Trainee: 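Before we start, here is the structure in question, set down as structure tokens.
When reading the values below, keep in mind they use all heavy atoms of this one structure, side chains included, and skip hydrogens, waters and symmetry mates. The first residue of the sequence shown is numbered 1, and numbering continues consecutively from there. As the structure lists them, so they are numbered: ligands from 1, and atoms in each ligand from 1.
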Amino acid sequence: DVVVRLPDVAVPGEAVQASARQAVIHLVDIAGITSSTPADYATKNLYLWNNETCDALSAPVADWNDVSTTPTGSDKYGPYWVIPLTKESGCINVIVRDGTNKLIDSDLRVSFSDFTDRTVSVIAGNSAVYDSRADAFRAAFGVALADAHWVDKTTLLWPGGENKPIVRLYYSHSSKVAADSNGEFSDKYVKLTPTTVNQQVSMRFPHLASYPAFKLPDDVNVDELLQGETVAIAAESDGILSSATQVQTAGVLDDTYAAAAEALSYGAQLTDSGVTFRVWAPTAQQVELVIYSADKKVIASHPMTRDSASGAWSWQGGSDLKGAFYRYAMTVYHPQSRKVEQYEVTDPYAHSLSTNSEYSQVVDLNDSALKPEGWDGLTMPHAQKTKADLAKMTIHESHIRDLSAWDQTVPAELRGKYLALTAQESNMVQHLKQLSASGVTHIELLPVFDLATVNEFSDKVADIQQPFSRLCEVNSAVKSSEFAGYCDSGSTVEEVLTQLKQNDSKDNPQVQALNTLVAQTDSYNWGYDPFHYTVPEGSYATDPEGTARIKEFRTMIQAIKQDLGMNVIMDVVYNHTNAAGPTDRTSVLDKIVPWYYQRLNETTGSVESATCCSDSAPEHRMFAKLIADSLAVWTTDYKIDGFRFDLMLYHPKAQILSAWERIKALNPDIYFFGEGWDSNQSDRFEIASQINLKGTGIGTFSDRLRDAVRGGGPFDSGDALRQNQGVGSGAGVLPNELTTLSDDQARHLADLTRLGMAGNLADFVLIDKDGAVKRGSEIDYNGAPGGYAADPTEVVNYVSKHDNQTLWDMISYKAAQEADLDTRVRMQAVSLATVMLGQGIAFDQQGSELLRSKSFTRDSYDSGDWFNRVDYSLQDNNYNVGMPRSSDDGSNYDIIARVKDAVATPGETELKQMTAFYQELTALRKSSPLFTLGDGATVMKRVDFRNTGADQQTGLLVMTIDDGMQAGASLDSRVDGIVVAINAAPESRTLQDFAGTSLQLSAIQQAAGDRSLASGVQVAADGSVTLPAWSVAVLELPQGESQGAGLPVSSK
Ligand SMILES: OC[C@H]1O[C@H](O[C@H]2[C@H](O)[C@@H](O)[C@@H](O[C@H]3[C@H](O)[C@@H](O)[C@@H](O[C@H]4[C@H](O)[C@@H](O)[C@@H](O)O[C@@H]4CO)O[C@@H]3CO)O[C@@H]2CO)[C@H](O)[C@@H](O)[C@@H]1O
Ligand SMILES: OC[C@H]1O[C@H](O[C@H]2[C@H](O)[C@@H](O)[C@@H](O[C@H]3[C@H](O)[C@@H](O)[C@@H](O[C@H]4[C@H](O)[C@@H](O)[C@@H](O)O[C@@H]4CO)O[C@@H]3CO)O[C@@H]2CO)[C@H](O)[C@@H](O)[C@@H]1O
Ligand SMILES: OC[C@H]1O[C@H](O[C@H]2[C@H](O)[C@@H](O)[C@@H](O)O[C@@H]2CO)[C@H](O)[C@@H](O)[C@@H]1O
Ligand SMILES: [Ca+2]
Ligand SMILES: [Ca+2]
Ligand SMILES: [Ca+2]
Ligand SMILES: [Ca+2]
Ligand SMILES: [Ca+2]
């Protein structure tokens, strides 16, 4: 077997050697094998200058604009420069250029001690200095990238080995694989041979199925090779290296250890009789369990016991370890750094933590001391068993700080804390209590698992309610900013921001300028930055040290379900981690089992960031297990009723379903839903998207009705934000001065809205804008089939959410100048009516009932208490409180300045008016089982629409729900049918469709009088119904002695 070595004969020689008092620099640039003339290097030049570090340069030409330092000469291997030196010692500063641009960015320092002959060579885009053109030429023949994949015991997929006489897998336990001084690779290796990828590997990794396959000997000691670095190397029959790359081992890790590891349980598993610690680390060379005292002093370090079959490490001790802090000391090779790292890491299965997640803690969640009184008997206030039960789901998407950060009626020590939900006398809790009584059924919580983006050490944080002096002491960026003068003032940050409002504008966005600095060290963040998946966040607890947060979190859950009467949904973010690699403080999973828990680029091995951050790999067996095990704890130990999967689309459909099967065994009525957009991961596996999840029972947010009612889309910027009016803001019927929307375009949005109100079903049949008969799947949504679901319970409709601009801000961007304040409040209610009175599950942003504004901020995740403010004292809706963050909304400053002051900012009168409209809508939603049929087939048999086709009155939505003899059994003893009429237009409209039918206005709306969305509606003696501008009316056919004729769905 020939020894592999770097090129040594077919290598470029030296153009010239540096003589006395001079240096020489070669720019390796070999011409084509077909070249016939000397290459042109007239534009090639060097920028020479000497400073403190290097002053050997003799008379260095200044002025960067000078390009006169061109090549002294050139040959087939590139040009070269003869630099006049002042001495043959020290060094020189050089930057290779091609005119004015840099061929090599980084500054180059040529050390005369490193290269005695003062004759070096460099290459474009390398930045490294070589002693010869030959060495530089060989540099391209070293270990680079990581496009070789060891997918199973004996299969290695690597493009670089194709048609290569010598293909080997070199390995080193404690060293980095690299050619020695002789240019040879003396490290040990195993021979590879061309083979054909098996169906097994093909099915597991479809995206790698076309890669050249190589077979390892069956007697290969996989375990030992996985303990260190492995490099795939290829060379010619003569032993000259062709290429060498790093190896991605996730596949072989699953094939070798997954099954055995899946059968075990992880974390610090404490029982009253003892404790067993277990962590999966199949590639680690050593793992020690480090025990810390309360004061964080090492009490003991225990070498753990490795299980050969699973690659898991365990240690068993006594029950006295209850409450102890701990970390796992790892000795493991990390492919990113290429070295055997040594570091302590918290437990990925941690269930308790110290302040700021620095140490994990041993805990038994079953302990009565960690449970509020009566916890075990806590019941779910709303049923989720049948589809009809699920359809009644009406969600209020909330955030811990958004809820109480500004409520002065919430005790000061509970503001921004889980416990604020227990302050029964506060404006916030009383408000939620009334929303519940009116029909809101679920509270959805933005990230309450352990996030990383808020420092849990209180002395390291400064909030706007505190002195500016505190902000300066904890934030050095502020102290060195233009705001430094406020440091020794006597004002609070909030007071300063308030004073900056008058002079704030697109030309001087000073409010956001200061707030951007504040955001770095405040207590605010949505928290889509996972540090630990199965421990509550610490900053939301009154005491973040230890187990305390567990009981407080439970107390909150109990308060919501028992005292507020609502179910609880948790936002989970298993699609990515806060960080990866061997150095970041928050990298947990990627430190323990490098390159396994993250999804990597097939060629470079780099952790992908499509989610925003450090993409995870739910397709890998042990991560799928971690996810399922985590959900089990939130379900059983925290009694969560449902989960909203953030970026669920980055998860395999099969993984989400498997997790659901596992959790249903714990809570048979648990509900799963999430964002099912397109993750572009279809080449790797079938994704959990709106389309692929049809008929599975897993819900997905629908962007159809959302965009049709709000107007436009999430990618709009500039004037498009105003031009793209929606059904809720008068598309077609009340055009603003910039829009060019046609009647046809407006009617298309109405088609999408009606389809959504019927549950966005693929098979629901309706009459479209042109009078044509169409199935939901035939109504187009930006190029894709509109209706995608099998049952309405698989669809979550909404017109506002934490992401993107609030509904009020959108209406402010789109409303015609002539639409007065009162009309805009009704537009907000009309927009929400399409969701609340529809068959799909209803979802809404906390505060929509208060016309919530973020001062036009599109993505407010780190915009603090200021832009995310919700005033439960009802003074205003937080509109017009300063221009939004310039980094992301700066391009919208012009349009904002133009539309912002069209009308007055909402006050208590408007907020009370909107809350009334909102509670009327939610009360109507639950006033009859007809609004929430649940089953798709039933929706198709009972739901229909009027005012459709080419002769329709634009903006008028009329939906009928049959309960008559032709629909089947009477589901509502009080009525034979219901009519939902939403007149989203500035004209009064008269319905003649129900003449001689004895229609009556809902008792709930009648009770509200002139405060009803139906105020002014008239039901004439001839049976005609007239609706005022921007109104919503729910009419009913009273049921007599027996079931009536109802409102049968028309044959189409
Ligand atoms: O590195 C990835 C990107 O990360 C950052 O983007 C953020 C956005 O700023 C957030 O707003 C949010 O994005 C949401 C988005 O607001 C929401 O509308 C939705 O997008 C859907 C869309 O609604 C739907 O109709 C259809 O078009 O599919 C879209 C998704 O393809 O979901 C988004 C979720 O991403 O979160 C992302 C982070 O993921 C960063 O700002 C970007 O520069 C970066 O590219
Ligand atoms: O840390 C390395 C990475 O740093 C940078 O990423 C930034 C993004 O550019 C920011 O946009 C932000 O990401 C936020 C995002 O702005 C916010 O909207 C939220 O996104 C959620 C969304 O709300 C949710 O509904 C759903 O769509 O999922 C989204 C993603 O979870 O949360 C994001 C994460 O906090 O912050 C990150 C981190 O600083 C840099 O741009 C990256 O290239 C780099 O990898
Ligand atoms: O003048 C010494 C100075 O040279 C270089 O600075 C360049 C810079 O790299 C260019 O991008 C552009 O800005 O022109 C500068 C010179 O005018 C080095 O980068 C710098 O370290 C060095 O001090
Ligand atoms: Ca040399
Ligand atoms: Ca945290
Ligand atoms: Ca912040
Ligand atoms: Ca990809
Ligand atoms: Ca009935």
Trainee: Among all protein non-hydrogen atoms, which one is nearest to atom 9 (O) of ligand 3, and what is the separation to 0.1 Å?
Mentor: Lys102 NZ, 2.7 Å
Trainee: Among all the protein's non-hydrogen atoms, which is closest to atom 5 (C) of ligand 3, and how far away is it?
Mentor: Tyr47 CE2, 4.0 Å
Trainee: Are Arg885 and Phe867 in a cation-pi setup, meaning NZ or CZ lies under 6.0 angstrom from the ring centre and within 45 degrees of the ring axis?
Mentor: no
Trainee: Would you say the Ca ion (ligand 5) has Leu451 as a near neighbour, meaning an N/O/S atom of that residue under 3.0 Å away?
Mentor: yes
Trainee: Short list, please: which atoms of ligand 3 are under 4.0 Å from a heavy atom of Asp107?
Mentor: 18 (C), 19 (O), 21 (O)
Trainee: Nearest to atom 17 (O) of ligand 3, what protein heavy atom do you find, and at what distance?
Mentor: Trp64 CB, 3.6 Å
Trainee: Taking the cut-offs as 6.0 angstrom to the six-membered ring centre and 45 degrees off its axis, would you call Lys296 and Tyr359 a cation-pi pair?
Mentor: yes
Trainee: How wide is the angle at the Ca ion (ligand 5) between OE1 of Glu537 and OE2 of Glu456, to the nearest 10°?
Mentor: 80°
Trainee: Does NZ or CZ of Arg401 fall inside the cone over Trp406's six-membered ring, less than 6.0 Å from its centre and within 45° of the axis?
Mentor: no
Trainee: Do any of the N/O/S atoms of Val518, backbone or side chain, fall under 3.0 Å from the Ca ion (ligand 6)?
Mentor: no
Trainee: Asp450: which N/O/S atom is nearest the Ca ion (ligand 5)?
Mentor: OD1
Trainee: Within the supplied structure, the quantity of interest is the number of heavy atoms (other residues, nucleotides, ligands) at a distance under 6.0 Å from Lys322 NZ; does it exceed 12?
Mentor: no
Trainee: Restricting to N, O or S, what is the name of the atom of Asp862 that lies nearest the Ca ion (ligand 6)?
Mentor: OD1
Trainee: Would you please indicate yes or no on a ring centroid separation below 6.0 angstrom for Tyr861 and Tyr528?
Mentor: no
Trainee: Should the ring pair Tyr486 and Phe468 be called parallel, tilted or perpendicular, given that the plane angle runs from 0 to 90° and is split at 30 and 60?
Mentor: tilted
Trainee: Is at least one protein non-hydrogen atom found at under 4.0 angstrom from atom 13 (O) of ligand 3?
Mentor: no
Trainee: Under 3.0 Å from the Ca ion (ligand 6), is there any N, O or S atom belonging to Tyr524?
Mentor: yes
Trainee: Quick check: are there more than 12 heavy atoms from other residues, nucleotides or ligands sitting under 6.0 Å from NZ of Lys460?
Mentor: no
Trainee: Restricting to ring-ring contact (aromatic ring centres under 6.0 Å, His included), what partner residues turn up for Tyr418, sequence neighbours left out?
Mentor: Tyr540, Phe553
Trainee: Quick one: nearest non-hydrogen protein atom to atom 23 (O) of ligand 3, plus distance?
Mentor: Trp49 NE1, 4.0 Å
Trainee: Between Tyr349 and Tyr266, what is the ring plane arrangement, given parallel below 30°, perpendicular above 60°, and tilted in between?
Mentor: tilted
Trainee: Can you tell me which N/O/S atom of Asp522 has the shortest distance to the Ca ion (ligand 6)?
Mentor: OD1
